[PDB]
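Chain nomenclature is as follows: A, B, C, D, E, F and G, assigned in order of appearance, with residue numbering initiated at 1 for each chain independently.
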Amino acid sequence: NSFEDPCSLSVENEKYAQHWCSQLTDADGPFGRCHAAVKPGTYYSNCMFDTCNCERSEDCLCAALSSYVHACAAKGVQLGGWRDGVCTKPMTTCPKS
Amino acid sequence: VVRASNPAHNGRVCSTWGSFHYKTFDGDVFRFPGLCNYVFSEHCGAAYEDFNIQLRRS
Amino acid sequence: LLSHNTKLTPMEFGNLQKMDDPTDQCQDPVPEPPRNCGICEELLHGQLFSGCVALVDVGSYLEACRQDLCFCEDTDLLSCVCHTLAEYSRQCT
Amino acid sequence: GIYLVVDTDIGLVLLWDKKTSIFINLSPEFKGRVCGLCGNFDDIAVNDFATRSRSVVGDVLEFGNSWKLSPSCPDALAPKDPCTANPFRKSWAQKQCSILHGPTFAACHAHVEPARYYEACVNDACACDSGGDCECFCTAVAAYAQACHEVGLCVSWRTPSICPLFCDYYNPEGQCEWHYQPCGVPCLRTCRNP
Amino acid sequence: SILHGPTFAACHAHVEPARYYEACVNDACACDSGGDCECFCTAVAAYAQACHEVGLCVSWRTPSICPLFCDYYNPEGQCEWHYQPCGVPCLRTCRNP
Amino acid sequence: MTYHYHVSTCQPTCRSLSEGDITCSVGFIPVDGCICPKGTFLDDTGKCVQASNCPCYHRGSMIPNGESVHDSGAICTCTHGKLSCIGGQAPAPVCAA
Amino acid sequence: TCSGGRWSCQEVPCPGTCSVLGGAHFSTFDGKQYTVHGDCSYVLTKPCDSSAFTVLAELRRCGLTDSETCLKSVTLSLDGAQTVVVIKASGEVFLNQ
């Protein structure tokens, strides 16, 4: 285990990760109804690292957001309507019926 | 104390020109016709990066 | 050009040095076969750049000038090699 | 060394770096019989956030505020992000705390994880904006240095530019005895230990 | 205030500490980007050098006020390097045998 | 898929391209029915795609386009349905006695 | 329960949760969190004194660098490998090969 910081290697990647992953820690955002149930700090760190590191940044950002949403659902909190703004594509990709 | 009396310093210069011609700091000259966003030069030799330059063509 | 005891080509190295935008996915350039294509020989080897030959080798810049002359899209062959000559002058300085 | 050690006969040891650092060593005879901001010493870390009302909470602020001595003292609030409120210092912080990731502590990286120490160093350097950045940085690095020393790694990190120690200040007139020791001298001959 | 207290009491009759104190305060106020202790140490060392130039060698550095890591220069097992306010203009070296 | 009166060969697949072998009886009485048209291959999903759209396979595992694998110190990236390895081709690894 | 201004708490049965997120972020049953980018198949959970169940994760480097790890498959082994279920990242499920 080294001590790399992927967000420091790219300005645009860091900007994208900060803009789209900070919604996890935003108390007045789509995920604000869960801060009492699940602490979003670890999920925010995972979001930043994954978005800055992996080539498909949107995929890793969506994975981190979905992981936080699943943890909230496990705790009993529903955050429906959290895909407005980002991660819209999977909502329009399932089969015809 | 570091002494340097040789004005020839092409080793500290890297450049790109013409139809995707790149000259590295070490004198290597090649052609890479890439139109994407590439890291021209960044300071990866330390924990803290002093500089990071990227160039994009069209 | 050595990833792990492997001689990298300039294409591979340049693609390795890629850093893409978040929403902008980029396609790596397709390696094209040569087009099978000497103005630069007169000026680069002439006296006009003589005081520069002894310091900077001209073979790489000769090849660069040939590539620029062959790859450029207008028949201003005399005026389509200015970039390589300017770069060689910069390196000489 | 740089430490002041208070030893008690009940099994309690305190190391004090005399500026901001305290290290309380408690004997195993006190397991499950203590409380406060240091936990309850029962090998479980999640329940260490037990308030003075004897209830484990998830909010660090509530757990900390429940342990204030005076009930009339105002409750603490969540502080601003130091490197965000003070961006003009951030680079310096990242340039100074990178000692914890370089070859200086390379031998210790396999025995003590420096992630939290580096984070604390950067945060303190960003927040040490009212005077005394070097003290903040030296305390943050000395925490990791003490963690390394506890597991038997005698790593030397203090240079004349990085947290110097004035050992020669203790030399009497015409004498040279005091020397810097990274792991210290555990058994050095003295009057109380002939 | 170190530039006005007992630390530099002897030098006050030989070097005026007015402009040095003003520069100290201004630099410490303006050293807000990181490293204010360096600013303070430089500001006080200017007055210290002014004092030392006129024959007064005051010892102002303490482990809490601009410490000097002289022991860093001691070779393994040796103890030779000491702090000198006056300096040693003619220590014996092999460039001045 | 397009209908065919005479089907004596076997339906090519992306897995057939990857492994180089197909699961078939070679010789059987010709049949009829809808098959993938000539110059087209059938993927695991069930649609007919061109040779440029067939996924890469390594160790029997599907490698998506743009993904990479690390085998015996060689990094092989799957692009345009082909697994191109850094260094041209991975040499046969040799293990000491 | 509240009594005399103090909370008296009783423990209740409580299931544990382990999580592998992003292919590199692990959160154990006891809440410990870490991040290692593996390149092999690893033992996630298993009884120490038996082989009633065993969960394996195929964390493989899926990029040019060594810090881009993908979870390609999850293996659930039951009753001394007498019931093996391999679930791949593509949604395919293999029961007993």
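Basically, a residue touches a chain if its C-beta (ideal position, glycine included) is under 8 Å from a C-beta of that chain, and two chains touch if they have at least 3 such contacts.
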Statement: Label-sorted list of chains bordering both chain A and chain F is C, G
- request: Name whichever of B-C and B-D has more C-beta pairs touching across its two chains.
  value: B-C
- line: dist(centroid_CA(chain C), centroid_CA(chain E)) in Å evaluates to 57
- prompt: Quick one: chain B and chain G, Cα centre-to-centre, how many Å?
  reply: 45
Query: Which whole number of Å gives the spacing of the CA centres of chain E and chain F?
result: 76
- prompt: Can you give the whole-Å distance between the Cα centres of chain A and chain B?
  reply: 35
Message: Counting only residues that touch at least two other chains, what does the list for chain B look like?
response: 47, 54
Message: Which pairs of chains touch each other in this structure?
response: A-B, A-C, A-D, A-G, B-C, B-D, C-F, D-E, D-G, F-G
Footprint of chain G on chain D - complex, ascending: 45-46, 51, 53-56
Message: Touching residues of chain C toward chain F in the complex: what are they?
response: 3-4, 6-8, 12, 28
Query: Of all residues in chain D, which touch chain E in the complex?
result: 88-89, 91-93, 125, 129, 131-135, 158-161, 163-169, 171, 176-180
Interface residues, chain A side, partner chain B - complex: 3, 8-9, 11
- prompt: For the complex, which residues does chain B have touching chain C?
  reply: 8, 10, 13, 15, 17-19, 21-23, 28-39, 54
